[PDB]
Structure formats: C-alpha cells, structure tokens
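Chemist: Before I ask anything, let me first share the structure, which is written out below as structure tokens.
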Amino acid sequence: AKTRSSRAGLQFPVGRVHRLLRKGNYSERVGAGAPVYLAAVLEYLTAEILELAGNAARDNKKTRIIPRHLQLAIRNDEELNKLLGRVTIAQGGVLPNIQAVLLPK
Amino acid sequence: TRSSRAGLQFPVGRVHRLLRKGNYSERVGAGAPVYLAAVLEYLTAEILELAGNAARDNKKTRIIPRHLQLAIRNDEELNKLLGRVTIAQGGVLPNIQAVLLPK
Amino acid sequence: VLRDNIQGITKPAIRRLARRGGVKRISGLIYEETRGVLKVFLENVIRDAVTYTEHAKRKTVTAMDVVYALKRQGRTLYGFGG
Amino acid sequence: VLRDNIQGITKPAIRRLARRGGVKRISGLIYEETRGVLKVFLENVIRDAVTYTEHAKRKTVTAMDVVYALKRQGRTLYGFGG
Amino acid sequence: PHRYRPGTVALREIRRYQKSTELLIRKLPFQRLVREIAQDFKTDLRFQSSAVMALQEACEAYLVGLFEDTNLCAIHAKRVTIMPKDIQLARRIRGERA
Amino acid sequence: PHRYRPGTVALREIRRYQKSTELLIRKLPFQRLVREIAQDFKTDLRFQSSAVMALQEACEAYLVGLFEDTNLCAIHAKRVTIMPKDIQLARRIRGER
Amino acid sequence: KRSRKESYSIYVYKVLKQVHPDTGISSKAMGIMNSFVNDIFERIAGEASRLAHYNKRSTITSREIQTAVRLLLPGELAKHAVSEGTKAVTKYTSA
Amino acid sequence: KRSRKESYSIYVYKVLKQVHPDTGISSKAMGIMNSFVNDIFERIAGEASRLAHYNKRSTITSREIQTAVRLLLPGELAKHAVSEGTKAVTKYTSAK
DNA sequence: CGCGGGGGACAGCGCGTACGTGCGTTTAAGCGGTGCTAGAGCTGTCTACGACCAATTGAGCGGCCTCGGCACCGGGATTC
DNA sequence: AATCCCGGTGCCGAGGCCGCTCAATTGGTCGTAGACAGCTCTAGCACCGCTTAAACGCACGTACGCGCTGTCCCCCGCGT
C-alpha cells in the first residue's frame, strides 16, 4: 500500500485533495486526515448520484448516463434536489409535472 | 500614516493587515488597501448622509437603527446592496396596499 | 417539561405582524399556518446555529452563532455583531 | 448596424419555453413581456462576463467568463467548465 | 355607543405598526418556543439573551416580509383577505416550498 | 376534417418538451441578440461559440423556471392563462423586481 | 499539443464501474459531474475556512471538514458522508 | 482585567462628522454600520480573491479591487466608488 | 401568416357568511430588586503537529486507436 | 389520429491501452498554534411580588369571500 487512497480504502485521490486544500488558501495548515475525510465524502456523494443516475438510464433503456439521467436522479431525490437547489444541470430538462387545474374535466 | 497620505479617515494599515490575515491571496498590492479603504469610507459615507437626513426629518439629532433602515430602504441602490440584509430595530417602510383603503 | 409553546405566538401577535406587512383582512386559517411556517424558519436557523455552537465546544449559543446561521441561509442581519 | 434583434426571440420560441415550463394557455401580451425579462437577464449576466473579460485583458468573452458571471448571480451552470 | 366601519381600525393599526420598529411578539413566549425547538436538536443548552433577540429580530422581519408577499397574492386573486393559499403560493415562489 | 379541442395540443406539447433537453430558441437569432447587447457595452467583441451556448443554456433555464413560478401565480388566481401580472409577481417575490 | 486540463473524470469512471459496471457516461454528463465535484468541494472547503476563522484557528483539520459537511449536507446525506469520512481518516491514521 | 475587540466605530464617527457635524449615533446603529462595513469588506475581498484565481494571479492589486467594485456595486454607486478608489490611490502614490 | 371558431377572460350580480369591531372579563407580561453560581474569558506553561526544504517515486494526464452503445429510422404495435 | 415499441442498421464517441512526467510520497528538521490545566470574574438563571397592559372570549352585523351567470374575444387548432 503505497498510495494514500489504498491506505484509506478509497477510490478518490487523497493526494490530489491534499494538494488542492493547500493550494487553495483555506488555512495556514491542513491536517493529514482532512484530505482523507473529504475524498471519502466526495466518493460517497459520487456513488449516491451515479447509483440513481444509472437506475434512470436503465429505466430509459440506456446503458450510458446522459445529463438528463443526472437531472432525473437529483430532482427526484429530495436530499439531492436540496443539495443542488441553486444548481443548473446543462441539458437536463425538467420533471414532467402538469398542474391539476390545467387537466380537462 | 498611510491614511493621511491617501487623504482618508479610514485606516489603510488596518485594511492591509486584514487583507493578508484573511487568506484572500498570497500577496496584497500596495494600492489594494488604499483603494479598498476609500470605497469603504465612501459607502459608510453614503449611508451616514441619508441616515442623518432621516434623523433630521424625524426631529432627532442622533442616528438610531431606524434612521439607517429608512435611509437604505428608501434609496434604490442601497436597498439593492443590502437586499438580503436585516437591519436590527429597523422596522419597515410605511406602505399600505391601495385596495385596502376605504373608498 | 415544555409543550405546545408555538401557541404562545398568539393571534394578536400574528395580527400585528400582518398589519406591519400591510394586510387589511386575515383569514381564520392564517394563524395556524403562520405557526408552522415560523417553526420551520426557526428550525432551519436554530439547527445551523447549534451546529456552530457545537463546533466551538460551547454550551451557550452566542448571537454570533445566530448571525452566522442567518448569513448561511441568505438572511443577513445587521446590528448584532456582523 | 444591428437593431431590433430582440424580435429574433419569436412568438413560437417563447411558446416552446412556456410548454416545457408546463404552461397551457398564453396571453398575447406575454411575448413582449418575456423579451423584456430575457433582455434584463442577458444584460445583468453579460455585464459581469465582460467585466471579467476586461480584467483578463482579453478581447474575446470566454465561456469561463460567463460561468463565473452566472455563479455571481446565484445561477450556477454545470457542463461548461469551472 | 360608537362603532367604526370594519377596516378602519385595521388601517389605523397598519399605519401605526409601519411607523414603529419595536418587536411585536411577546418576548417570553418566543423565548420558551426557541428553547423547546433547540432541545429537539441538543439537550441541556443555554442561550445568550442577545442570541434570542437576534432570532426574534430575524423571525419577525421574515414574517413581516412574508405577509407583504402574501398580501400581494390575495390582491392578485381580486381579494382583500389573506388566506393560507396566499402564503403557500408565496413560499412556493420563494423556493422554500416545493 | 379533424380538429382537436383547444388545450389538447397544448398538453401534448407540455409532455413533449418536458421529455427533451434541446434548446428551444433558434441559435442564430439568439446569437445576434447576444452580440447586440454586448456591443452596447463594449465595441469589437468576439465570442467563443461555447460562450454563446453557455449564455443560451442559462437563459432558457432561467425562463423555464420563471415560467414555472409564473404558472403557479396564474393558478393561485384560479386562472389557467399566464399573464404579465403573473411574471411580475414571481420576479417581485424572487427579489428580482 | 494542447494544454493539460485536469478533471475528475477518471475517478468518476471508477466509482461508476463499482456501482454500475456495465453503465457509461457521455461528455456533457461527465462535465456536469465534474462541475458537481468542484461545486461541493468549494462549498465544504469554504465553510471549513470560515469555521477556522471564526475560532481563530490557522488550521483546517478533518474536524473542520466534518462540521462543514454537517452544516452543508441535508440529514441522511450528511450522516452517511460523516461515517464514510471518519472511516477513511481512521484507516489513514493507522496505516 | 480587560479584553480588546476592534471595530470601525471611531472612523464612522469621523465620517459622520463630515456630512452631519450636528448629529450623533446610537450604539445599536453603531453596531449596524460595523456589520455593514465588515459585510461589504468581505464581499469585495471575496470577489477580488476569485478574480485573481480566475486569471491565475497571486496578487490582489487595486485593479482587482476596482473590478470587484464594478461587479458588486450597482451602477451609480460603482461609478462613485471607482472615483474614490482611483483618487485616493493617486493621492497616496503622490505622497510616497 | 392567415382563418375560423371555441372556451376562457372578465365583468355584473347576488347570496351567504366570516371576520372586524367593541366591551367586559381574564390572564400574564413587564418591571426592578435580590440572590446564586455556572460558565465564559482571561491567563500561563509544554509540546505536539504542521510548515518548510530536499530527493525519490509512481499516480495521473494527453494522445492514441478500436469498438460498441446508441442515435437513426421505417415498419407494426398500441392507446387515447 | 397521433403516439409508441420493435427490429434493422450504422457511425462516431466511449473506454481502453501506450507511455511519459510531474505531482505525490518519502524522510526529515524547526517552531509554533493550541491543547490543557489553573483562575476570576461576568451574566445567565432563578425566584418573587407589585402593577397593569395585553390577552382572551363573546356578541353583533357588516361587508367581503365565492358561486353563479352571461357575454364577447382572445388564443388554440390547422392548412398553406
């Protein structure tokens, strides 16, 4: 185990995150555990979105995740929709939602 | 002092200290604290003028928070700058919707 | 124990706030609706303020914790330490 | 010269945008109103994008200038950098 | 006796409360509500008096502004009376409600 | 011959354009509008083609979300048709004015 | 030979292959995921910077990142993110 | 004992004496001006910090403060503030 | 861009009632005065943790090609 | 009628490998930020009672919500 990612059991790069934290003027000093924690959190959120986006692609008979699948995934999940509430997903569209009073009686 | 050399009442030295202490960039130019301290002095300025007017309109000689609120919310550009700001003990502007008035 | 305290935000208190907001006539169902909204507002604000206090390893919530939380939510407040 | 370009945003185009928003029926005065809205929106964003472009000592507005500007207004955009 | 037409004292109160800046909710009921809500997040907590004052200043300003938008929604429906539907429309547009 | 009742094709168009992600404004008229607005800020400006596409993605998204709030304003007034007063109420509440 | 432009694409591909080994991703979708990672990076790191400043600390440690996740993420998302981060720090410290 | 907390209170007073020598200010209103100055400080400095990173520069010069004022402040307020900034910078460098 | 007609906007009216107004009754907020200690804030020592510098090493990117997921479609299945 | 799901085809971007390099890692010194225990001194909590302004509750009717209708035209559909 030479990499800091293997040492933490992560797929996300602990070394690169530690670099960006230092080259970012966030504080004078960056602890050794901070990049590890962050890369894991970044990895968890990444998995959470790709899980719901791969499901959306499968519902649309697609093997590839296109931006609409990310939009359907985020806007259908309550917490993902809140985390990206002030975010615009390019080529994502909107959720199908027609108001009731517009329906014919 | 650097304030007198620039002709300012606001402290150029303190602003230069805070700019470096605040982790905004590696280095801070010599003109940046002067420029920033002048803008701060000008906005502080703009509020005190309109708030001192409000105090005089309300027959006061001392500015209370309501005078600052009246100044900002009646000035279009100051109201936009502090659009997401709450002035403590400021109240609101007197404004009744028309349809609520008796005819 | 403490229970039902939201009702302490009384009907005339809500009326005074509506008057300052320029409201002339108020439905009867408004008052309970306003109690739920104020609860959510305080919930979102106090939750962030407590998270700030916990990180400071304190048992007393400071006005700065409230100010920092209001700034988080995009409702900046002047006059308490901003 | 270039003049009246805002009319390039046509009536059927504004109609299609309203459909994706779930709008069923559209008044006749909406189209000129929507043009004024879009122009105000474009003015505010392009103003900041140019301000970034000028600071970089460039004559070409990059997509990063727009992305930085959209993030300035609180309308962050994914898929073009940043 | 004597009786003003319905709506006259409402207007006198609007002019009155838009002239002043003092808080409109009684301080102690608001304070006990804050402690109850805070306890559901962390037990055994103390509050600075200024922290509660900061919370009350922010909440009342939030409520006053929300009543302004609510009033505009009722006027939009050709109505003088505000209703929960007006508040729900206001919060929906504000992005608070979904 | 055949005629749908008014509202049928409108509902049909809502479902269609809520399924797709393509831009709904024609590219050339939008680009001419961007160059004119920017020209009234600074003369002799060139645009990366992606800079115009970035401006169009955001504008259409802004107007789509604005028409969503506008639609809710109309329904609150027991109406089905959106009107300029619905847009102005939305932008006022949004803090845009 | 065009300029080196870094991205998170290789790691997004890896995580996607763990969670959906047969599923792919397009150019635009990868650009949004790259913008998502950068956005949340800046949000957490920015909140951590403010926390250190509020407490007169010159250091951003994993404790600052943890509280930043608690203030930023909604409920269940923060809960799992906190455990997945503490799990990685514990491993990194021992080895 | 004693503890020391800095504020812009003395400079706001000096500035208040310019426009309104016959008018004072309360402590609450003084705390709002302190919040106002701090808030506007953070917004300009944060915008200037992003300007430098966007253009791959390590320094925040007056040109970054100048551009930050034009992005933040609205129209006439910005024109006026740029006048203050350039004037004070000129008077400062002409008094080295 | 025009054509043609359908239903939605809007205005007028009327009914039904909810909310404003007033008074008498009732409740607790506000006041200021006193007493208690918890906890914040100041203080004082020691040292662990991170910067900072240098030298070695592979993790990560551009550049590369092939290959398959899927955009494209013309026919048949279905559902308003 | 218009829209959908299906089986065939087809092409270009995914997803993979080639190999170079530069960012990460390693081994190491120096000092300081901040942990920690010690100390004091503010203000937060508690509790009480004299005062009374505010809140509560009910009675009355007034004028506003909304339900109905009726008309007139402003959008929707559709062919060119």
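Every chain in the structure tokens has a letter given in the order shown (A, B, ...), and although residue numbers restart at 1 in each chain, ligands are simply numbered from 1 in the order shown.
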DSSP says strand (DSSP E) for which residues of chain G? Put them as JSON, numbers by chain?
Modeler: {"G": [24, 25, 59, 60]}
Chemist: Determine, counting only C-alpha atoms (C1' of nucleotides), which protein, DNA and RNA residues have an atom within 12 Å of an atom of residue 3 of chain H; residues of the same chain fewer than 5 positions away are not included. Present the result as a ChimeraX atom specification.
Modeler: /I:41-43
Chemist: Got a sec: who's within 12 Å of residue 24 of chain H, counting only C-alpha atoms (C1' of nucleotides), leaving out chain neighbours fewer than 5 positions off, as a list in words?
Modeler: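 Listed by chain and then number, they are residues 48, 49, 51, 52, 53, 55, 56, 60, 61, 62, 63, 64, 65 and 67 of chain B; 12, 13, 14, 15, 16, 17, 18, 19, 29 and 30 of chain H.
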Chemist: Store the residues of this selection in a file with N, CA and C atoms, as a PDB file, in the first residue's frame.
Modeler:
```
ATOM      1  N   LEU B  48     -24.372  57.308   6.058  1.00  0.00           N
ATOM      2  CA  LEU B  48     -24.460  58.308   7.119  1.00  0.00           C
ATOM      3  C   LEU B  48     -25.141  59.585   6.641  1.00  0.00           C
ATOM      4  N   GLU B  49     -24.933  59.967   5.379  1.00  0.00           N
ATOM      5  CA  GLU B  49     -25.620  61.132   4.831  1.00  0.00           C
ATOM      6  C   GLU B  49     -27.130  60.924   4.847  1.00  0.00           C
ATOM      7  N   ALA B  51     -28.854  58.688   6.380  1.00  0.00           N
ATOM      8  CA  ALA B  51     -29.377  58.390   7.709  1.00  0.00           C
ATOM      9  C   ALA B  51     -29.415  59.621   8.603  1.00  0.00           C
ATOM     10  N   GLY B  52     -28.451  60.531   8.451  1.00  0.00           N
ATOM     11  CA  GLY B  52     -28.533  61.799   9.152  1.00  0.00           C
ATOM     12  C   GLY B  52     -29.676  62.665   8.665  1.00  0.00           C
ATOM     13  N   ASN B  53     -29.991  62.589   7.369  1.00  0.00           N
ATOM     14  CA  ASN B  53     -31.172  63.269   6.851  1.00  0.00           C
ATOM     15  C   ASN B  53     -32.444  62.697   7.464  1.00  0.00           C
ATOM     16  N   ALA B  55     -32.731  61.222  10.330  1.00  0.00           N
ATOM     17  CA  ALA B  55     -32.792  61.645  11.725  1.00  0.00           C
ATOM     18  C   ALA B  55     -33.320  63.069  11.842  1.00  0.00           C
ATOM     19  N   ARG B  56     -32.914  63.949  10.924  1.00  0.00           N
ATOM     20  CA  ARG B  56     -33.412  65.319  10.947  1.00  0.00           C
ATOM     21  C   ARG B  56     -34.880  65.379  10.540  1.00  0.00           C
ATOM     22  N   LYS B  60     -34.751  64.259  15.148  1.00  0.00           N
ATOM     23  CA  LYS B  60     -33.720  63.730  16.024  1.00  0.00           C
ATOM     24  C   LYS B  60     -32.369  64.328  15.656  1.00  0.00           C
ATOM     25  N   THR B  61     -31.478  64.388  16.642  1.00  0.00           N
ATOM     26  CA  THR B  61     -30.094  64.777  16.425  1.00  0.00           C
ATOM     27  C   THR B  61     -29.149  63.592  16.528  1.00  0.00           C
ATOM     28  N   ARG B  62     -29.667  62.395  16.777  1.00  0.00           N
ATOM     29  CA  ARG B  62     -28.846  61.202  16.899  1.00  0.00           C
ATOM     30  C   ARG B  62     -29.419  60.105  16.018  1.00  0.00           C
ATOM     31  N   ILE B  63     -28.533  59.387  15.334  1.00  0.00           N
ATOM     32  CA  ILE B  63     -28.952  58.350  14.400  1.00  0.00           C
ATOM     33  C   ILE B  63     -29.207  57.070  15.182  1.00  0.00           C
ATOM     34  N   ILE B  64     -30.422  56.546  15.075  1.00  0.00           N
ATOM     35  CA  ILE B  64     -30.778  55.268  15.683  1.00  0.00           C
ATOM     36  C   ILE B  64     -30.916  54.267  14.543  1.00  0.00           C
ATOM     37  N   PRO B  65     -31.010  52.960  14.811  1.00  0.00           N
ATOM     38  CA  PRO B  65     -31.099  51.995  13.703  1.00  0.00           C
ATOM     39  C   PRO B  65     -32.223  52.269  12.718  1.00  0.00           C
ATOM     40  N   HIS B  67     -33.211  55.090  11.604  1.00  0.00           N
ATOM     41  CA  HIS B  67     -32.717  56.066  10.640  1.00  0.00           C
ATOM     42  C   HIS B  67     -31.845  55.405   9.578  1.00  0.00           C
TER      43      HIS B  67
ATOM     44  N   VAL H  12     -16.249  55.647  11.637  1.00  0.00           N
ATOM     45  CA  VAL H  12     -17.622  56.017  11.306  1.00  0.00           C
ATOM     46  C   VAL H  12     -17.982  57.353  11.943  1.00  0.00           C
ATOM     47  N   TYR H  13     -17.541  57.574  13.186  1.00  0.00           N
ATOM     48  CA  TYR H  13     -17.757  58.864  13.834  1.00  0.00           C
ATOM     49  C   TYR H  13     -17.086  59.987  13.052  1.00  0.00           C
ATOM     50  N   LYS H  14     -15.800  59.817  12.729  1.00  0.00           N
ATOM     51  CA  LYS H  14     -15.083  60.823  11.948  1.00  0.00           C
ATOM     52  C   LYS H  14     -15.776  61.085  10.617  1.00  0.00           C
ATOM     53  N   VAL H  15     -16.312  60.037   9.995  1.00  0.00           N
ATOM     54  CA  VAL H  15     -17.009  60.200   8.724  1.00  0.00           C
ATOM     55  C   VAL H  15     -18.374  60.848   8.942  1.00  0.00           C
ATOM     56  N   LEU H  16     -19.053  60.496  10.041  1.00  0.00           N
ATOM     57  CA  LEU H  16     -20.335  61.116  10.374  1.00  0.00           C
ATOM     58  C   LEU H  16     -20.176  62.611  10.619  1.00  0.00           C
ATOM     59  N   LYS H  17     -19.060  63.015  11.228  1.00  0.00           N
ATOM     60  CA  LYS H  17     -18.832  64.432  11.484  1.00  0.00           C
ATOM     61  C   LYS H  17     -18.670  65.187  10.173  1.00  0.00           C
ATOM     62  N   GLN H  18     -18.408  64.500   9.070  1.00  0.00           N
ATOM     63  CA  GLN H  18     -18.197  65.267   7.849  1.00  0.00           C
ATOM     64  C   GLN H  18     -19.556  65.756   7.300  1.00  0.00           C
ATOM     65  N   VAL H  19     -20.490  64.843   7.008  1.00  0.00           N
ATOM     66  CA  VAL H  19     -21.813  65.133   6.454  1.00  0.00           C
ATOM     67  C   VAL H  19     -22.753  65.748   7.510  1.00  0.00           C
ATOM     68  N   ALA H  29     -27.253  51.496  16.312  1.00  0.00           N
ATOM     69  CA  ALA H  29     -26.965  51.951  14.958  1.00  0.00           C
ATOM     70  C   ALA H  29     -25.473  51.880  14.658  1.00  0.00           C
ATOM     71  N   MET H  30     -24.631  52.034  15.685  1.00  0.00           N
ATOM     72  CA  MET H  30     -23.191  51.881  15.504  1.00  0.00           C
ATOM     73  C   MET H  30     -22.814  50.434  15.205  1.00  0.00           C
TER      74      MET H  30
END
```
Chemist: As an MDAnalysis selection string, please: the residues near residue 14 of chain E (cut-off 12 Å, only C-alpha atoms (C1' of nucleotides), same-chain neighbours under 5 positions excluded).
Modeler: (chainID B and resid 92:97 100:101) or (chainID C and resid 15:25) or (chainID E and resid 7:9 19:20 64 68)
Chemist: Would you output that residue set with N, CA and C atoms, as a compact mmCIF listing (two decimals), in the first residue's frame?
Modeler:
```txt
# COMPACT_ATOMS: atom_id res chain seq x y z
N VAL B 92 -39.99 48.63 9.15
CA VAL B 92 -40.30 48.61 7.73
C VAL B 92 -40.73 50.01 7.30
N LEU B 93 -40.84 50.20 5.99
CA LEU B 93 -41.37 51.43 5.43
C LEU B 93 -42.90 51.43 5.51
N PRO B 94 -43.51 52.54 5.92
CA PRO B 94 -44.97 52.64 5.88
C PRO B 94 -45.51 52.51 4.46
N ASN B 95 -46.26 51.43 4.20
CA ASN B 95 -46.79 51.19 2.86
C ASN B 95 -48.02 50.30 2.97
N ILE B 96 -49.20 50.89 2.77
CA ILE B 96 -50.46 50.16 2.78
C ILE B 96 -50.89 49.94 1.33
N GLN B 97 -51.29 48.71 1.01
CA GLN B 97 -51.77 48.44 -0.33
C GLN B 97 -53.06 49.22 -0.59
N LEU B 100 -56.80 48.08 0.08
CA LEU B 100 -57.17 48.01 1.48
C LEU B 100 -57.71 49.34 2.01
N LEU B 101 -57.55 50.43 1.26
CA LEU B 101 -58.04 51.73 1.69
C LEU B 101 -59.56 51.82 1.49
N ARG C 15 -51.45 39.11 14.10
CA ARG C 15 -52.19 40.21 13.50
C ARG C 15 -51.32 41.46 13.39
N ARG C 16 -50.56 41.78 14.44
CA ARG C 16 -49.68 42.94 14.39
C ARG C 16 -48.64 42.80 13.29
N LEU C 17 -48.08 41.59 13.14
CA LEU C 17 -47.11 41.35 12.08
C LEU C 17 -47.75 41.53 10.71
N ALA C 18 -48.98 41.05 10.54
CA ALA C 18 -49.67 41.22 9.27
C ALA C 18 -49.99 42.69 9.00
N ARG C 19 -50.33 43.44 10.05
CA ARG C 19 -50.58 44.87 9.88
C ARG C 19 -49.33 45.59 9.40
N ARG C 20 -48.19 45.29 10.02
CA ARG C 20 -46.93 45.87 9.58
C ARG C 20 -46.58 45.43 8.16
N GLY C 21 -47.02 44.24 7.76
CA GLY C 21 -46.88 43.80 6.39
C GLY C 21 -47.86 44.39 5.41
N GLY C 22 -48.79 45.21 5.89
CA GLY C 22 -49.76 45.85 5.02
C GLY C 22 -51.01 45.05 4.74
N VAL C 23 -51.34 44.07 5.58
CA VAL C 23 -52.52 43.23 5.39
C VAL C 23 -53.71 43.85 6.11
N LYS C 24 -54.85 43.94 5.41
CA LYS C 24 -56.07 44.52 5.97
C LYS C 24 -56.98 43.47 6.58
N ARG C 25 -57.21 42.37 5.87
CA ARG C 25 -58.12 41.31 6.30
C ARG C 25 -57.37 39.99 6.34
N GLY E 7 -62.59 47.64 8.96
CA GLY E 7 -61.48 48.06 8.12
C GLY E 7 -60.85 49.37 8.51
N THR E 8 -61.50 50.17 9.36
CA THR E 8 -60.94 51.47 9.72
C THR E 8 -59.83 51.34 10.75
N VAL E 9 -60.06 50.56 11.81
CA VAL E 9 -59.02 50.34 12.81
C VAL E 9 -57.91 49.46 12.26
N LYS E 19 -45.09 52.57 11.32
CA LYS E 19 -44.33 53.72 11.81
C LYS E 19 -43.29 53.35 12.85
N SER E 20 -43.50 52.26 13.59
CA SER E 20 -42.64 51.88 14.70
C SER E 20 -41.72 50.73 14.32
N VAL E 64 -42.91 39.55 8.61
CA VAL E 64 -43.46 40.79 8.05
C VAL E 64 -43.31 40.78 6.53
N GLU E 68 -46.14 40.60 3.40
CA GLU E 68 -46.20 41.51 2.26
C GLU E 68 -46.46 40.74 0.97
```
Chemist: Using only C-alpha atoms (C1' of nucleotides), which protein or nucleic acid residues come within 12 Å of residue 74 of chain A? Drop anything in the same chain fewer than 6 positions from it, and give the result as number ranges by chain.
Modeler: A: 45-46, 48-56, 67-68, 80-85, 87-89, 92-95; G: 32-33, 36
Chemist: What are the DSSP helix (DSSP H, G or I) residues of chain F, as a PyMOL selection string?
Modeler: chain F and resi 8-17+27-39+49-76+84-94
Chemist: Counting only C-alpha atoms, give me one row per residue of chain F with an atom at most 7 Å from an atom of chain D, showing the shortest contact pair and its distance in Å to one decimal, sorted by chain then residue number, as CSV.
Modeler:
```
residue,atom,partner,partner_atom,distance
F:7,CA,D:24,CA,6.7
F:10,CA,D:24,CA,5.4
F:11,CA,D:24,CA,6.4
F:13,CA,D:19,CA,6.0
F:14,CA,D:19,CA,4.5
F:17,CA,D:20,CA,4.8
F:18,CA,D:20,CA,4.9
F:24,CA,D:13,CA,6.2
F:25,CA,D:13,CA,5.4
F:29,CA,D:8,CA,4.6
F:30,CA,D:8,CA,6.7
F:32,CA,D:5,CA,6.4
F:33,CA,D:5,CA,5.2
F:36,CA,D:2,CA,6.4
F:37,CA,D:43,CA,6.9
F:38,CA,D:46,CA,6.6
F:45,CA,D:59,CA,5.8
F:46,CA,D:60,CA,4.7
F:47,CA,D:61,CA,5.1
F:48,CA,D:62,CA,5.6
F:50,CA,D:63,CA,5.7
F:51,CA,D:63,CA,4.0
F:54,CA,D:63,CA,6.4
F:55,CA,D:66,CA,6.8
F:58,CA,D:77,CA,6.9
F:64,CA,D:21,CA,5.1
F:65,CA,D:21,CA,6.7
F:67,CA,D:21,CA,5.5
F:68,CA,D:21,CA,5.1
F:71,CA,D:23,CA,6.2
F:80,CA,D:25,CA,6.5
F:81,CA,D:25,CA,4.7
F:82,CA,D:26,CA,5.7
F:83,CA,D:27,CA,5.8
F:84,CA,D:30,CA,5.7
```
